[PDB]
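Shown below: structure_34.txt, with compact mmCIF, C-alpha atoms and all ligand atoms.
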```
# COMPACT_ATOMS: atom_id res chain seq x y z
CA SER A 1 -61.06 -37.29 78.65
CA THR A 2 -57.32 -37.51 77.95
CA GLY A 3 -54.75 -40.03 76.77
CA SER A 4 -51.01 -40.34 77.18
CA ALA A 5 -48.68 -42.86 75.53
CA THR A 6 -44.92 -43.40 75.45
CA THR A 7 -43.28 -43.38 72.03
CA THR A 8 -39.96 -45.14 71.44
CA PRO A 9 -37.36 -44.88 68.64
CA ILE A 10 -37.18 -48.04 66.54
CA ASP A 11 -33.37 -47.99 66.24
CA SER A 12 -30.25 -46.16 67.42
CA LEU A 13 -30.59 -43.45 64.74
CA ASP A 14 -34.18 -42.42 65.64
CA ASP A 15 -35.30 -43.40 62.13
CA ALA A 16 -38.90 -43.58 63.36
CA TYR A 17 -40.90 -43.82 66.56
CA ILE A 18 -43.48 -46.44 67.55
CA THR A 19 -46.34 -46.07 70.01
CA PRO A 20 -48.44 -48.96 71.39
CA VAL A 21 -52.11 -48.89 70.33
CA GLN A 22 -54.90 -51.22 71.52
CA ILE A 23 -57.28 -52.38 68.76
CA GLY A 24 -60.36 -54.54 69.16
CA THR A 25 -62.05 -56.54 71.92
CA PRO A 26 -60.24 -58.15 73.63
CA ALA A 27 -57.38 -55.72 72.92
CA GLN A 28 -54.75 -56.55 70.32
CA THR A 29 -51.74 -54.31 70.91
CA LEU A 30 -49.87 -53.12 67.81
CA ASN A 31 -46.94 -50.69 67.69
CA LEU A 32 -47.88 -47.92 65.27
CA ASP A 33 -45.97 -45.05 63.66
CA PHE A 34 -47.86 -41.83 64.54
CA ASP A 35 -47.73 -39.76 61.34
CA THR A 36 -48.90 -36.13 61.30
CA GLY A 37 -48.22 -36.16 57.53
CA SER A 38 -50.99 -38.60 56.56
CA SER A 39 -54.54 -39.42 57.53
CA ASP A 40 -55.00 -43.21 57.34
CA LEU A 41 -54.90 -45.65 60.25
CA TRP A 42 -53.70 -48.85 58.61
CA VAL A 43 -52.28 -52.07 60.05
CA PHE A 44 -50.64 -55.32 59.08
CA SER A 45 -53.36 -57.95 59.41
CA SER A 46 -54.39 -61.57 58.90
CA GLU A 47 -55.37 -60.47 55.36
CA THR A 48 -51.86 -59.30 54.40
CA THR A 49 -50.10 -61.40 51.75
CA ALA A 50 -48.07 -63.77 53.90
CA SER A 51 -44.86 -63.24 51.91
CA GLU A 52 -45.06 -59.49 52.68
CA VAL A 53 -45.08 -60.04 56.47
CA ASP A 54 -41.71 -60.39 58.19
CA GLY A 55 -42.07 -60.23 61.97
CA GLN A 56 -44.82 -57.63 62.33
CA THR A 57 -47.63 -58.13 64.81
CA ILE A 58 -50.83 -58.57 62.79
CA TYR A 59 -54.35 -57.41 63.59
CA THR A 60 -56.83 -60.29 63.30
CA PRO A 61 -60.35 -58.87 62.84
CA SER A 62 -62.03 -62.27 63.22
CA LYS A 63 -60.79 -62.42 66.84
CA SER A 64 -62.29 -59.03 67.76
CA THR A 65 -65.91 -59.10 68.90
CA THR A 66 -66.29 -55.39 68.02
CA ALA A 67 -64.77 -55.54 64.52
CA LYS A 68 -67.17 -54.85 61.63
CA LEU A 69 -66.36 -55.08 57.92
CA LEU A 70 -67.11 -51.81 56.16
CA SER A 71 -68.94 -53.22 53.16
CA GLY A 72 -67.30 -52.40 49.82
CA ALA A 73 -64.81 -49.86 51.21
CA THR A 74 -61.19 -49.95 50.02
CA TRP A 75 -58.09 -47.83 50.55
CA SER A 76 -54.85 -47.18 48.73
CA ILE A 77 -52.03 -44.87 49.78
CA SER A 78 -48.65 -43.82 48.36
CA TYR A 79 -46.17 -41.90 50.51
CA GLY A 80 -43.61 -39.29 49.45
CA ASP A 81 -40.76 -41.83 49.68
CA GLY A 82 -42.35 -44.29 47.24
CA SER A 83 -43.90 -46.56 49.89
CA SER A 84 -47.47 -47.75 49.40
CA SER A 85 -50.10 -50.11 50.79
CA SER A 86 -53.75 -50.97 50.17
CA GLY A 87 -56.57 -53.17 51.42
CA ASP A 88 -60.04 -53.19 52.93
CA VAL A 89 -61.58 -51.47 55.94
CA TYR A 90 -63.00 -52.50 59.30
CA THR A 91 -64.41 -50.41 62.07
CA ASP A 92 -63.32 -51.34 65.59
CA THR A 93 -62.54 -49.90 69.00
CA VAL A 94 -59.13 -48.19 69.22
CA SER A 95 -57.47 -46.95 72.42
CA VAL A 96 -54.31 -44.87 72.81
CA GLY A 97 -52.91 -44.49 76.29
CA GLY A 98 -56.29 -44.84 77.98
CA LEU A 99 -58.24 -42.73 75.45
CA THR A 100 -60.84 -44.88 73.66
CA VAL A 101 -62.67 -44.26 70.36
CA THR A 102 -65.41 -46.60 69.19
CA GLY A 103 -66.15 -47.14 65.52
CA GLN A 104 -62.72 -46.04 64.31
CA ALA A 105 -61.91 -47.00 60.74
CA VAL A 106 -59.08 -49.57 60.86
CA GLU A 107 -57.63 -50.06 57.39
CA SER A 108 -56.46 -53.65 56.92
CA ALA A 109 -53.52 -54.09 54.55
CA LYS A 110 -53.80 -56.72 51.84
CA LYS A 111 -50.66 -55.48 50.05
CA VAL A 112 -47.67 -53.51 51.39
CA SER A 113 -44.56 -52.25 49.63
CA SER A 114 -41.20 -53.78 50.49
CA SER A 115 -40.06 -50.86 52.67
CA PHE A 116 -42.79 -51.72 55.19
CA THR A 117 -42.11 -55.47 55.02
CA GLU A 118 -38.44 -54.88 55.89
CA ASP A 119 -39.36 -52.64 58.88
CA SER A 120 -40.26 -55.46 61.25
CA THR A 121 -40.73 -53.04 64.21
CA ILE A 122 -43.57 -51.00 62.64
CA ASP A 123 -46.99 -52.72 62.67
CA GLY A 124 -48.84 -49.88 60.93
CA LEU A 125 -49.36 -46.14 60.77
CA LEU A 126 -51.74 -43.88 62.69
CA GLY A 127 -52.43 -40.77 60.62
CA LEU A 128 -52.85 -37.42 62.38
CA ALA A 129 -53.09 -34.95 59.46
CA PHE A 130 -56.49 -33.58 58.44
CA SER A 131 -59.24 -35.99 57.46
CA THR A 132 -59.49 -34.57 53.94
CA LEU A 133 -56.42 -36.67 53.07
CA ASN A 134 -57.96 -40.00 54.11
CA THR A 135 -57.88 -42.47 51.19
CA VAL A 136 -60.89 -44.68 51.99
CA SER A 137 -63.23 -45.03 49.00
CA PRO A 138 -66.08 -44.51 48.27
CA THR A 139 -66.73 -43.05 51.76
CA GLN A 140 -63.89 -41.01 53.29
CA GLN A 141 -63.14 -41.82 56.95
CA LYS A 142 -62.13 -39.66 59.93
CA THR A 143 -58.79 -39.80 61.74
CA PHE A 144 -58.44 -41.02 65.32
CA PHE A 145 -57.93 -37.42 66.47
CA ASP A 146 -61.05 -36.22 64.65
CA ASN A 147 -63.12 -38.99 66.23
CA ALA A 148 -61.68 -38.25 69.69
CA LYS A 149 -61.99 -34.44 69.50
CA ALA A 150 -65.42 -34.08 71.10
CA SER A 151 -64.44 -36.23 74.10
CA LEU A 152 -61.11 -34.51 74.74
CA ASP A 153 -60.75 -31.99 77.55
CA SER A 154 -59.05 -29.74 74.97
CA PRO A 155 -58.93 -30.36 71.18
CA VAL A 156 -55.14 -30.71 71.13
CA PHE A 157 -52.43 -33.31 71.01
CA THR A 158 -48.75 -32.82 71.73
CA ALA A 159 -45.60 -34.49 70.44
CA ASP A 160 -42.56 -34.70 72.72
CA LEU A 161 -40.11 -36.86 70.75
CA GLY A 162 -36.89 -37.92 72.45
CA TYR A 163 -33.32 -37.79 71.14
CA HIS A 164 -32.11 -41.40 71.35
CA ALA A 165 -34.66 -41.78 74.13
CA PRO A 166 -38.39 -42.36 74.72
CA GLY A 167 -40.89 -39.55 74.51
CA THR A 168 -44.60 -38.89 74.85
CA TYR A 169 -47.73 -38.30 72.77
CA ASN A 170 -50.49 -36.68 74.86
CA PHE A 171 -54.10 -36.19 73.75
CA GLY A 172 -56.45 -33.64 75.28
CA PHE A 173 -54.09 -31.68 77.56
CA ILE A 174 -50.86 -29.68 77.62
CA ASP A 175 -48.31 -30.91 80.18
CA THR A 176 -46.83 -27.67 81.51
CA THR A 177 -43.96 -29.61 83.12
CA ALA A 178 -42.65 -30.87 79.74
CA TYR A 179 -41.25 -27.60 78.35
CA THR A 180 -39.43 -24.43 79.41
CA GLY A 181 -40.43 -20.84 78.82
CA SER A 182 -43.59 -20.18 76.87
CA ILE A 183 -45.28 -21.81 73.89
CA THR A 184 -45.24 -19.72 70.71
CA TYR A 185 -48.26 -20.38 68.48
CA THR A 186 -48.25 -19.90 64.72
CA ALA A 187 -50.97 -20.06 62.08
CA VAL A 188 -51.77 -23.30 60.22
CA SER A 189 -53.00 -23.60 56.64
CA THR A 190 -55.16 -26.66 56.05
CA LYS A 191 -55.57 -26.11 52.30
CA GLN A 192 -53.43 -29.15 51.38
CA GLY A 193 -54.59 -31.25 54.35
CA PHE A 194 -51.30 -30.94 56.25
CA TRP A 195 -50.20 -29.20 59.44
CA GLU A 196 -48.67 -26.51 57.23
CA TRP A 197 -47.06 -23.39 58.69
CA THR A 198 -44.51 -20.69 57.86
CA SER A 199 -41.17 -20.52 59.62
CA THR A 200 -39.74 -17.01 59.99
CA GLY A 201 -36.13 -17.85 59.16
CA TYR A 202 -33.00 -19.70 60.15
CA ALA A 203 -29.44 -19.52 61.44
CA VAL A 204 -26.45 -21.85 61.04
CA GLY A 205 -24.37 -22.34 64.19
CA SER A 206 -23.67 -18.99 65.85
CA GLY A 207 -24.21 -17.13 62.55
CA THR A 208 -26.62 -14.29 62.01
CA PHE A 209 -30.30 -15.15 61.78
CA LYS A 210 -31.67 -14.81 58.25
CA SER A 211 -35.29 -13.60 58.14
CA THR A 212 -37.04 -15.42 55.31
CA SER A 213 -40.36 -17.22 54.99
CA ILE A 214 -40.15 -21.01 54.78
CA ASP A 215 -43.48 -22.71 54.17
CA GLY A 216 -43.46 -26.32 55.30
CA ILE A 217 -45.27 -29.06 57.15
CA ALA A 218 -44.87 -30.51 60.63
CA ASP A 219 -44.48 -34.23 59.90
CA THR A 220 -43.75 -36.75 62.65
CA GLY A 221 -43.75 -39.51 59.98
CA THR A 222 -40.66 -38.19 58.16
CA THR A 223 -37.21 -38.72 59.66
CA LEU A 224 -35.22 -35.84 58.25
CA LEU A 225 -35.45 -32.06 57.81
CA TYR A 226 -36.08 -31.10 54.15
CA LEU A 227 -35.51 -27.42 53.38
CA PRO A 228 -34.92 -25.24 50.30
CA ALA A 229 -31.68 -25.79 48.41
CA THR A 230 -30.36 -22.32 49.33
CA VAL A 231 -30.76 -22.97 53.06
CA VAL A 232 -29.30 -26.49 52.92
CA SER A 233 -26.29 -25.30 50.92
CA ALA A 234 -25.62 -22.59 53.54
CA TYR A 235 -25.70 -25.19 56.33
CA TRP A 236 -23.38 -27.76 54.73
CA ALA A 237 -20.96 -25.04 53.63
CA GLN A 238 -19.97 -24.77 57.31
CA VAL A 239 -19.00 -28.47 57.53
CA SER A 240 -15.47 -29.16 56.34
CA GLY A 241 -15.54 -31.78 53.59
CA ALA A 242 -19.32 -32.03 53.22
CA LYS A 243 -20.64 -32.49 49.71
CA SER A 244 -23.77 -33.46 47.86
CA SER A 245 -23.46 -36.99 46.47
CA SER A 246 -25.75 -38.18 43.67
CA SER A 247 -24.94 -41.86 44.28
CA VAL A 248 -25.93 -41.52 47.94
CA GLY A 249 -28.81 -39.15 47.17
CA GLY A 250 -27.93 -36.21 49.40
CA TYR A 251 -25.35 -34.42 51.51
CA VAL A 252 -22.73 -36.58 53.25
CA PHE A 253 -19.94 -35.45 55.53
CA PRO A 254 -16.79 -36.91 57.10
CA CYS A 255 -17.90 -38.77 60.20
CA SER A 256 -15.11 -37.08 62.23
CA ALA A 257 -16.55 -33.60 61.63
CA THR A 258 -18.40 -31.72 64.36
CA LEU A 259 -21.72 -30.43 63.13
CA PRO A 260 -23.06 -26.91 63.77
CA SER A 261 -26.47 -26.39 65.29
CA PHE A 262 -29.39 -25.28 63.14
CA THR A 263 -31.90 -22.66 64.33
CA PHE A 264 -35.37 -22.15 62.87
CA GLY A 265 -37.81 -19.36 63.64
CA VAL A 266 -41.33 -19.67 65.03
CA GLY A 267 -42.68 -16.13 64.99
CA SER A 268 -40.19 -14.24 67.13
CA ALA A 269 -39.07 -17.38 68.95
CA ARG A 270 -36.08 -19.54 68.02
CA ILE A 271 -35.83 -23.34 68.18
CA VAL A 272 -32.25 -24.66 68.21
CA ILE A 273 -31.48 -28.12 66.79
CA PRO A 274 -28.18 -29.34 68.32
CA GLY A 275 -25.60 -30.41 65.75
CA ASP A 276 -25.56 -33.99 67.10
CA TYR A 277 -29.22 -34.38 66.02
CA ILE A 278 -28.17 -33.89 62.38
CA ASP A 279 -25.73 -36.88 62.33
CA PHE A 280 -27.37 -39.96 60.79
CA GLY A 281 -24.26 -42.13 60.90
CA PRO A 282 -22.21 -43.99 58.31
CA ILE A 283 -23.75 -44.36 54.86
CA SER A 284 -22.76 -48.07 54.91
CA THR A 285 -21.28 -50.26 57.61
CA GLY A 286 -17.65 -49.32 58.22
CA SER A 287 -17.72 -46.19 56.06
CA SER A 288 -16.10 -42.93 57.21
CA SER A 289 -18.72 -40.92 55.26
CA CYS A 290 -21.81 -40.06 57.28
CA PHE A 291 -25.33 -39.12 56.20
CA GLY A 292 -26.69 -35.65 56.95
CA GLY A 293 -30.00 -34.98 58.65
CA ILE A 294 -30.73 -31.78 56.72
CA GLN A 295 -31.41 -32.33 53.01
CA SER A 296 -32.81 -30.41 50.06
CA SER A 297 -36.53 -30.39 49.37
CA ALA A 298 -36.03 -29.46 45.70
CA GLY A 299 -36.95 -32.96 44.50
CA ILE A 300 -39.76 -33.37 47.07
CA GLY A 301 -41.76 -30.27 46.19
CA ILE A 302 -42.58 -29.32 49.78
CA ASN A 303 -40.51 -28.39 52.82
CA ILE A 304 -40.77 -30.91 55.66
CA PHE A 305 -40.06 -30.27 59.35
CA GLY A 306 -39.54 -33.94 60.19
CA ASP A 307 -38.39 -35.66 63.36
CA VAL A 308 -34.92 -33.99 63.28
CA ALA A 309 -36.60 -30.63 63.87
CA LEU A 310 -39.61 -31.68 65.94
CA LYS A 311 -37.63 -33.65 68.50
CA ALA A 312 -35.80 -30.44 69.45
CA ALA A 313 -39.10 -28.93 70.64
CA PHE A 314 -42.30 -29.54 72.56
CA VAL A 315 -44.93 -29.32 69.82
CA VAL A 316 -48.63 -28.58 70.26
CA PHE A 317 -51.04 -29.58 67.49
CA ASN A 318 -54.08 -27.40 68.28
CA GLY A 319 -57.12 -28.77 66.44
CA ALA A 320 -59.46 -25.93 67.38
CA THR A 321 -61.83 -24.63 64.72
CA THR A 322 -58.98 -22.37 63.63
CA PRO A 323 -56.00 -24.75 64.01
CA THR A 324 -52.59 -23.58 65.21
CA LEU A 325 -49.20 -25.14 65.93
CA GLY A 326 -47.31 -24.38 69.13
CA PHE A 327 -43.57 -24.71 69.70
CA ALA A 328 -41.65 -24.51 72.96
CA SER A 329 -38.06 -25.23 73.90
CA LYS A 330 -37.45 -28.13 76.24
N1 LIG B 401 -44.00 -40.75 56.01
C1 LIG B 401 -44.82 -41.94 56.16
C2 LIG B 401 -43.90 -43.16 56.22
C3 LIG B 401 -43.50 -43.66 57.45
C4 LIG B 401 -42.66 -44.77 57.52
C5 LIG B 401 -42.21 -45.37 56.35
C6 LIG B 401 -41.29 -46.59 56.43
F1 LIG B 401 -40.00 -46.17 56.61
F2 LIG B 401 -41.67 -47.37 57.49
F3 LIG B 401 -41.35 -47.32 55.28
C7 LIG B 401 -42.61 -44.86 55.12
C8 LIG B 401 -43.46 -43.76 55.05
```
Taking this structure as input, can you express it in the form of C-alpha cells?
Amino acid sequence: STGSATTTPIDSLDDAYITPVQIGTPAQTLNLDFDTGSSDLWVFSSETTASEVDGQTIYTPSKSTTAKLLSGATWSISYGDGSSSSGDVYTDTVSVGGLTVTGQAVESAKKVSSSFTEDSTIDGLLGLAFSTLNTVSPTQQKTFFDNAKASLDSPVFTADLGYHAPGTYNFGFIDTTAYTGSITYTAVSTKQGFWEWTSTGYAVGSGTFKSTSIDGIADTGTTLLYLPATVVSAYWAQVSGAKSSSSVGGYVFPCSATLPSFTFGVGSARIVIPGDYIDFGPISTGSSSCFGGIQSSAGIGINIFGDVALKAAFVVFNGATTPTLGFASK
C-alpha cells in the first residue's frame, strides 16, 4: 500500500508545514505538523484545558466508534525550543493520504505550552523519528511509520517541502518525477533515536567547498538550519552588516542585503540552498533588520538540518533494517 498527502506552509515565512490527517470513525480531520525529530503523535482534544485552546481543531474521542482508552497510559514531552505538552492516550484508526493504520496510539493533550496555544494553525504533531523516543509510559508506543511499515510497498517515506508553496509527503514509494539527477544515500545512526547523518562539508556562495564532517539530524519539525559556530560565522561574514545580536538571539542582517547561497555535502553530492531561503524577514513589524535562517547550534548541543535545508532537496527517509537517508536536487 502507499499514501500521499499535500503539506502546506502555515504562513508566508514557511515557519512550519501542516498536513491533513484523518483520525477516528467517522473521520475527524486534523492538520498535523509532521516532525522527523520526535516520535509522538499528539493532538489537541476535547480533554485539553479550554483556556489553552485558541482556534485549533480538536479530536473528540467520544465521537469515534473506534477510539479506545489505553488504560493508565500517560505521555509527557518537552521539545528543544522549550515547548511541552502532556496527557493521556487513546488508540484509534489514523489515515494519511489514503494509507490507513488501525490501533495507532493517539496521544490526547490535557496540557499544552503557550507556544502551541498561540499557533492556531497546528492541531498536533505526527512524529516520524525512531520509536525509541516515544514518551508514552509505562508502555512505549510505535510511530505511525513503524505501524505502517509492513503494509508499505517499500519501507520508505519522502519529504518534498515547498519554498513558499505546497509540497508532498509520500509513504511507501519514491516518485521518480519529483527530483532531478540521482539520489545520493548516506548512512544513518539511530543511537540517539534521530535520523542522524554526517554531512561531508559546506560552501558559502561561490566559495571553495570545505571538506569537514558535520554530524546532525534531518528534522522536518525545526524551521531553521543550526550548524557549528565556525560554519555559521563563515556564512554571515559574507553578508555586509550582519551581526550576532544577543537581544534578538541570533544573527540578523540588513533587510536590503542579498544573501549568498549555502551548499552542504551529501557524500560526493552537493545540495545548494538558494540565498532567498535563508531570509526570515523583519525581526519586528516595520524593522529594517531581518532574521537569518542559518544559526549557531552551540547552545542547542546538536546540529539540525531543519526545513531551510530540507526544502532545497527531495529527501528519502529509508526505514529498511539498516536505515539510510537519500538526498536529490529538485
Ligand atoms: N520541533 C517540534 C516543534 C514543532 C512546532 C513547535 C511550535 F512552533 F508549533 F510550537 C514546537 C516544536
Coordinates-based distance that separates CA of residue 200 in chain A from CA of residue 212 in chain A (Å, one decimal)
5.6 Å
To test the calculation: enclose all listed atoms of range 254-266 of chain A in a box whose edges run along x, y and z, add 8 Å on each side, then state centre and edge lengths in Å to one decimal, as JSON.
```
{"center_x": -28.2, "center_y": -29.1, "center_z": 61.2, "size_x": 42.2, "size_y": 35.4, "size_z": 24.2}
```
Name each residue within 10 Å of ligand LIG 401 (chain B), counting all atoms listed in the file, as an NGL selection string.
:A and (15-17 or 32-38 or 78-84 or 112-127 or 219-223 or 306)
Identify, on the basis of all atoms listed in the file, every residue whose closest approach to residue 303 in chain A does not exceed 9 Å; exclude the query and any residue fewer than 2 positions from it along the same chain; express the result as a PDB file with C-alpha atoms, in the frame of the given file.
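Once written, result_5.pdb looks like this:
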```
ATOM      1  CA  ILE A 214     -40.150 -21.010  54.780  1.00  0.00           C
ATOM      2  CA  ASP A 215     -43.480 -22.710  54.170  1.00  0.00           C
ATOM      3  CA  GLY A 216     -43.460 -26.320  55.300  1.00  0.00           C
ATOM      4  CA  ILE A 217     -45.270 -29.060  57.150  1.00  0.00           C
ATOM      5  CA  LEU A 225     -35.450 -32.060  57.810  1.00  0.00           C
ATOM      6  CA  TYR A 226     -36.080 -31.100  54.150  1.00  0.00           C
ATOM      7  CA  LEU A 227     -35.510 -27.420  53.380  1.00  0.00           C
ATOM      8  CA  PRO A 228     -34.920 -25.240  50.300  1.00  0.00           C
ATOM      9  CA  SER A 296     -32.810 -30.410  50.060  1.00  0.00           C
ATOM     10  CA  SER A 297     -36.530 -30.390  49.370  1.00  0.00           C
ATOM     11  CA  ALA A 298     -36.030 -29.460  45.700  1.00  0.00           C
ATOM     12  CA  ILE A 300     -39.760 -33.370  47.070  1.00  0.00           C
ATOM     13  CA  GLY A 301     -41.760 -30.270  46.190  1.00  0.00           C
ATOM     14  CA  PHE A 305     -40.060 -30.270  59.350  1.00  0.00           C
TER      15      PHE A 305
END
```
List every protein, DNA or RNA residue that has an atom no more than 12 Å from (-23.8, -28.3, 61.8) in the file's coordinate frame, counting only C-alpha atoms, and report them as an MDAnalysis selection string.
chainID A and resid 203:207 232:240 242 252:253 257:263 272:279 292:294
Give me, as a list in words, all polymer residues having an atom no more than 9 Å from residue 326 in chain A, counting all atoms listed in the file and skipping those fewer than 6 positions away in the same chain.
residues 158, 183, 184, 185, 186, 266, 314, 315, 316, 317 and 318 of chain A
Need the shell around range 61-64 of chain A: protein/DNA/RNA residues with any atom at most 10 Å away, counting all atoms listed in the file. Skip same-chain ones fewer than 5 positions apart. Format as a VMD selection string?
chain A and resid 23 to 28 45 to 47 69 90 to 93 106 108
Kindly export the residues of the current selection with C-alpha atoms, as a PDB file, in the coordinates of the input.
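Output saved as again_37.pdb:
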```pdb
ATOM      1  CA  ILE A  23     -57.280 -52.380  68.760  1.00  0.00           C
ATOM      2  CA  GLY A  24     -60.360 -54.540  69.160  1.00  0.00           C
ATOM      3  CA  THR A  25     -62.050 -56.540  71.920  1.00  0.00           C
ATOM      4  CA  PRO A  26     -60.240 -58.150  73.630  1.00  0.00           C
ATOM      5  CA  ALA A  27     -57.380 -55.720  72.920  1.00  0.00           C
ATOM      6  CA  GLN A  28     -54.750 -56.550  70.320  1.00  0.00           C
ATOM      7  CA  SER A  45     -53.360 -57.950  59.410  1.00  0.00           C
ATOM      8  CA  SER A  46     -54.390 -61.570  58.900  1.00  0.00           C
ATOM      9  CA  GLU A  47     -55.370 -60.470  55.360  1.00  0.00           C
ATOM     10  CA  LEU A  69     -66.360 -55.080  57.920  1.00  0.00           C
ATOM     11  CA  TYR A  90     -63.000 -52.500  59.300  1.00  0.00           C
ATOM     12  CA  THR A  91     -64.410 -50.410  62.070  1.00  0.00           C
ATOM     13  CA  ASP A  92     -63.320 -51.340  65.590  1.00  0.00           C
ATOM     14  CA  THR A  93     -62.540 -49.900  69.000  1.00  0.00           C
ATOM     15  CA  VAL A 106     -59.080 -49.570  60.860  1.00  0.00           C
ATOM     16  CA  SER A 108     -56.460 -53.650  56.920  1.00  0.00           C
TER      17      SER A 108
END
```
By how many Å are CA of residue 201 in chain A and CA of residue 7 in chain A apart?
29.5 Å
Which one of A:285, A:213, A:31, A:247 sits closest to residue 9 in chain A if you count only C-alpha atoms?
A:31
Which protein, DNA or RNA residues are at most 12 Å from (-45.5, -42.7, 75.5) in the file's coordinates when you count all atoms listed in the file, listed as a ChimeraX atom specification?
/A:3-9,17-21,31-32,34,96-98,158-162,165-171
One residue among A:177, A:85, A:244, A:324 is nearest to residue 40 in chain A when using all atoms listed in the file, and that residue is A:85
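If you look at CA of residue 75 in chain A and CA of residue 89 in chain A, they are 7.4 Å away from each other.
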Option closest in space to residue 323 in chain A, from A:144, A:179, A:195, A:42 [counting all atoms listed in the file]
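Residue with the minimum atom-to-atom distance to residue 323 in chain A: A:195.
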Counting only C-alpha atoms, the residue of A:101, A:302, A:43, A:309 that sits nearest residue 150 in chain A:
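Closest residue, counting only C-alpha atoms: A:101.
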Have a look at A:321, A:304, A:109, A:330 and name the one nearest to residue 53 in chain A; count all atoms listed in the file.
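Of the candidates, the smallest distance to residue 53 in chain A is held by A:109.
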For a quick check of understanding, using all atoms listed in the file, which of A:224, A:319, A:65, A:198 has the smallest distance to residue 155 in chain A?
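Checking each candidate against residue 155 in chain A, we get A:319 as the closest.
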For range 130-135 of chain A, find every residue with an atom within 7 Å (counting only C-alpha atoms), except residues of its own chain fewer than 6 positions away, and show them as a list in words.
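Surrounding residues, per the criterion: residues 38, 39, 40, 75, 76, 77, 141, 142, 143, 193 and 194 of chain A.
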